[PDB]
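I have placed the structure first, in the form of structure tokens, so that the comments after it can refer back to it.
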Amino acid sequence: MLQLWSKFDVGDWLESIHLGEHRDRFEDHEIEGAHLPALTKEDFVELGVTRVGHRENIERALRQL
């Protein structure tokens, strides 16, 4: 479950939803599962998720969780 994911698990989840291109930068920023729901648009841009569609897919995958 989400709250228990390590930074590496977050990276694997990103890959599972076809956003693996962002895992290295999420890993470098030590993003863990518990952090995901609170990340803002600005945090995502800082993590390099600059495409609106990617951010929308991240949110959609979080809701589906």
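Ordering of the structure tokens sets the chain letters (A, B, ...), residue numbers begin anew at 1 in every chain, and ligands are numbered from 1 in the order given.
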* Exercise: stretch 24-32 of chain A partners within 10 Å, only C-alpha atoms, chain neighbours under 2 positions left out, as a list in words ->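 Using only C-alpha atoms, the neighbours found are residues 2, 3, 4, 5, 6, 7, 8, 9, 10, 11, 14, 20, 21, 22, 34, 35, 36, 39, 44, 46, 47, 48 and 49 of chain A.
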Now that the selection is made, can you save its residues with N, CA, C and O atoms as a PDB file, in the first residue's frame?
ATOM      1  N   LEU A   2       0.332   2.267  -0.716  1.00  0.00           N
ATOM      2  CA  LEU A   2       0.974   3.558  -0.908  1.00  0.00           C
ATOM      3  C   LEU A   2       1.799   4.126   0.236  1.00  0.00           C
ATOM      4  O   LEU A   2       2.985   4.412   0.067  1.00  0.00           O
ATOM      5  N   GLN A   3       1.196   4.296   1.403  1.00  0.00           N
ATOM      6  CA  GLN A   3       1.934   4.867   2.522  1.00  0.00           C
ATOM      7  C   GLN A   3       3.187   4.100   2.908  1.00  0.00           C
ATOM      8  O   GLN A   3       4.089   4.657   3.531  1.00  0.00           O
ATOM      9  N   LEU A   4       3.268   2.831   2.526  1.00  0.00           N
ATOM     10  CA  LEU A   4       4.445   2.034   2.873  1.00  0.00           C
ATOM     11  C   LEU A   4       5.524   2.002   1.792  1.00  0.00           C
ATOM     12  O   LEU A   4       6.559   1.369   1.971  1.00  0.00           O
ATOM     13  N   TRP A   5       5.299   2.656   0.660  1.00  0.00           N
ATOM     14  CA  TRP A   5       6.317   2.596  -0.382  1.00  0.00           C
ATOM     15  C   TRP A   5       7.577   3.383  -0.078  1.00  0.00           C
ATOM     16  O   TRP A   5       7.521   4.504   0.422  1.00  0.00           O
ATOM     17  N   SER A   6       8.718   2.779  -0.403  1.00  0.00           N
ATOM     18  CA  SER A   6      10.016   3.424  -0.252  1.00  0.00           C
ATOM     19  C   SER A   6      10.189   4.271  -1.536  1.00  0.00           C
ATOM     20  O   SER A   6       9.350   4.226  -2.442  1.00  0.00           O
ATOM     21  N   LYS A   7      11.282   5.014  -1.627  1.00  0.00           N
ATOM     22  CA  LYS A   7      11.510   5.812  -2.818  1.00  0.00           C
ATOM     23  C   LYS A   7      11.692   4.899  -4.023  1.00  0.00           C
ATOM     24  O   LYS A   7      11.397   5.284  -5.152  1.00  0.00           O
ATOM     25  N   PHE A   8      12.183   3.684  -3.797  1.00  0.00           N
ATOM     26  CA  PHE A   8      12.390   2.774  -4.922  1.00  0.00           C
ATOM     27  C   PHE A   8      11.065   2.189  -5.380  1.00  0.00           C
ATOM     28  O   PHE A   8      10.870   1.965  -6.576  1.00  0.00           O
ATOM     29  N   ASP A   9      10.159   1.955  -4.437  1.00  0.00           N
ATOM     30  CA  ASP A   9       8.841   1.434  -4.759  1.00  0.00           C
ATOM     31  C   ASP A   9       8.075   2.500  -5.565  1.00  0.00           C
ATOM     32  O   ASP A   9       7.348   2.175  -6.489  1.00  0.00           O
ATOM     33  N   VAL A  10       8.218   3.768  -5.191  1.00  0.00           N
ATOM     34  CA  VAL A  10       7.564   4.844  -5.942  1.00  0.00           C
ATOM     35  C   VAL A  10       8.050   4.780  -7.403  1.00  0.00           C
ATOM     36  O   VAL A  10       7.257   4.911  -8.352  1.00  0.00           O
ATOM     37  N   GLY A  11       9.360   4.601  -7.573  1.00  0.00           N
ATOM     38  CA  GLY A  11       9.934   4.512  -8.909  1.00  0.00           C
ATOM     39  C   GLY A  11       9.368   3.337  -9.682  1.00  0.00           C
ATOM     40  O   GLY A  11       9.062   3.445 -10.865  1.00  0.00           O
ATOM     41  N   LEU A  14       5.826   4.292 -10.726  1.00  0.00           N
ATOM     42  CA  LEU A  14       5.864   5.193 -11.869  1.00  0.00           C
ATOM     43  C   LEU A  14       6.073   4.385 -13.147  1.00  0.00           C
ATOM     44  O   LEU A  14       5.393   4.648 -14.169  1.00  0.00           O
ATOM     45  N   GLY A  20       7.988   5.902 -16.174  1.00  0.00           N
ATOM     46  CA  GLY A  20       9.293   5.553 -15.644  1.00  0.00           C
ATOM     47  C   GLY A  20      10.364   6.572 -15.948  1.00  0.00           C
ATOM     48  O   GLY A  20      11.355   6.620 -15.236  1.00  0.00           O
ATOM     49  N   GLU A  21      10.158   7.398 -16.978  1.00  0.00           N
ATOM     50  CA  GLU A  21      11.135   8.410 -17.349  1.00  0.00           C
ATOM     51  C   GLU A  21      11.366   9.370 -16.193  1.00  0.00           C
ATOM     52  O   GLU A  21      12.396  10.048 -16.128  1.00  0.00           O
ATOM     53  N   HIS A  22      10.395   9.450 -15.294  1.00  0.00           N
ATOM     54  CA  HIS A  22      10.536  10.348 -14.137  1.00  0.00           C
ATOM     55  C   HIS A  22      11.080   9.710 -12.863  1.00  0.00           C
ATOM     56  O   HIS A  22      11.317  10.424 -11.866  1.00  0.00           O
ATOM     57  N   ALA A  34       4.344   7.924   0.963  1.00  0.00           N
ATOM     58  CA  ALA A  34       3.534   8.811   1.794  1.00  0.00           C
ATOM     59  C   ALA A  34       3.474  10.236   1.264  1.00  0.00           C
ATOM     60  O   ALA A  34       2.510  10.950   1.522  1.00  0.00           O
ATOM     61  N   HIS A  35       4.487  10.647   0.504  1.00  0.00           N
ATOM     62  CA  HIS A  35       4.528  12.018  -0.031  1.00  0.00           C
ATOM     63  C   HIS A  35       3.629  12.264  -1.209  1.00  0.00           C
ATOM     64  O   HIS A  35       3.214  13.391  -1.439  1.00  0.00           O
ATOM     65  N   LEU A  36       3.348  11.216  -1.968  1.00  0.00           N
ATOM     66  CA  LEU A  36       2.597  11.373  -3.197  1.00  0.00           C
ATOM     67  C   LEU A  36       1.299  12.168  -3.177  1.00  0.00           C
ATOM     68  O   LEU A  36       1.141  13.093  -3.983  1.00  0.00           O
ATOM     69  N   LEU A  39       1.880  16.066  -2.915  1.00  0.00           N
ATOM     70  CA  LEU A  39       2.655  16.822  -3.898  1.00  0.00           C
ATOM     71  C   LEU A  39       1.772  17.787  -4.698  1.00  0.00           C
ATOM     72  O   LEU A  39       0.683  17.432  -5.132  1.00  0.00           O
ATOM     73  N   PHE A  44       5.549  18.781  -8.619  1.00  0.00           N
ATOM     74  CA  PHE A  44       5.693  17.938  -9.801  1.00  0.00           C
ATOM     75  C   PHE A  44       6.565  18.577 -10.869  1.00  0.00           C
ATOM     76  O   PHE A  44       7.373  17.904 -11.506  1.00  0.00           O
ATOM     77  N   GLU A  46       8.909  20.688 -10.314  1.00  0.00           N
ATOM     78  CA  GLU A  46      10.266  20.574  -9.780  1.00  0.00           C
ATOM     79  C   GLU A  46      10.793  19.134  -9.993  1.00  0.00           C
ATOM     80  O   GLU A  46      11.991  18.904 -10.186  1.00  0.00           O
ATOM     81  N   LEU A  47       9.894  18.162  -9.981  1.00  0.00           N
ATOM     82  CA  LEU A  47      10.320  16.776 -10.189  1.00  0.00           C
ATOM     83  C   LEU A  47      10.447  16.491 -11.682  1.00  0.00           C
ATOM     84  O   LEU A  47      10.765  15.371 -12.090  1.00  0.00           O
ATOM     85  N   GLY A  48      10.215  17.523 -12.496  1.00  0.00           N
ATOM     86  CA  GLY A  48      10.341  17.358 -13.934  1.00  0.00           C
ATOM     87  C   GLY A  48       9.089  16.857 -14.651  1.00  0.00           C
ATOM     88  O   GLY A  48       9.157  16.520 -15.831  1.00  0.00           O
ATOM     89  N   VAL A  49       7.953  16.787 -13.966  1.00  0.00           N
ATOM     90  CA  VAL A  49       6.736  16.339 -14.640  1.00  0.00           C
ATOM     91  C   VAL A  49       6.124  17.628 -15.211  1.00  0.00           C
ATOM     92  O   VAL A  49       5.223  18.215 -14.646  1.00  0.00           O
TER      93      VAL A  49
END
* To do: Using only C-alpha atoms, determine which residues lie at most 10 Å from stretch 55-57 of chain A, disregarding the query and same-chain residues fewer than 4 positions distant; provide the list as a list in words.
  => residues 17, 18, 19, 40, 41, 44, 45, 49, 50, 51, 61, 62 and 63 of chain A
Since we have the selection now, will you write its residues out, keeping N, CA and C atoms, as a CSV table (one decimal), in the first residue's frame?
chain,number,residue,atom,x,y,z
A,17,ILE,N,3.0,2.7,-14.5
A,17,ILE,CA,2.0,3.5,-15.1
A,17,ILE,C,2.6,4.3,-16.3
A,18,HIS,N,3.6,3.7,-16.9
A,18,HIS,CA,4.3,4.3,-18.0
A,18,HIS,C,4.9,5.6,-17.9
A,19,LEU,N,5.3,6.0,-16.7
A,19,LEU,CA,6.0,7.2,-16.4
A,19,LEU,C,7.4,7.0,-15.8
A,40,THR,N,2.2,19.0,-4.9
A,40,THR,CA,1.5,20.0,-5.7
A,40,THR,C,2.0,20.1,-7.1
A,41,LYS,N,1.2,20.8,-7.9
A,41,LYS,CA,1.6,21.1,-9.3
A,41,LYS,C,3.1,21.5,-9.3
A,44,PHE,N,5.5,18.8,-8.6
A,44,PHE,CA,5.7,17.9,-9.8
A,44,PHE,C,6.6,18.6,-10.9
A,45,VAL,N,6.4,19.9,-11.1
A,45,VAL,CA,7.2,20.6,-12.1
A,45,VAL,C,8.7,20.5,-11.6
A,49,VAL,N,8.0,16.8,-14.0
A,49,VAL,CA,6.7,16.3,-14.6
A,49,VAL,C,6.1,17.6,-15.2
A,50,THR,N,6.6,18.1,-16.3
A,50,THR,CA,6.2,19.3,-17.0
A,50,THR,C,5.0,19.2,-17.9
A,51,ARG,N,4.6,18.0,-18.3
A,51,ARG,CA,3.5,17.8,-19.2
A,51,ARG,C,2.2,17.6,-18.4
A,61,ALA,N,-3.9,7.8,-11.3
A,61,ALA,CA,-3.4,6.6,-10.7
A,61,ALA,C,-3.5,6.6,-9.2
A,62,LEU,N,-3.4,7.8,-8.6
A,62,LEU,CA,-3.4,7.9,-7.2
A,62,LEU,C,-4.9,7.7,-6.7
A,63,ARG,N,-5.8,8.3,-7.4
A,63,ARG,CA,-7.2,8.1,-7.1
A,63,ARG,C,-7.6,6.6,-7.2
* Compare A:37, A:1, A:58, A:64 by their minimum atom-to-atom distance to residue A:15, counting only C-alpha atoms, and give me the closest one. => A:58
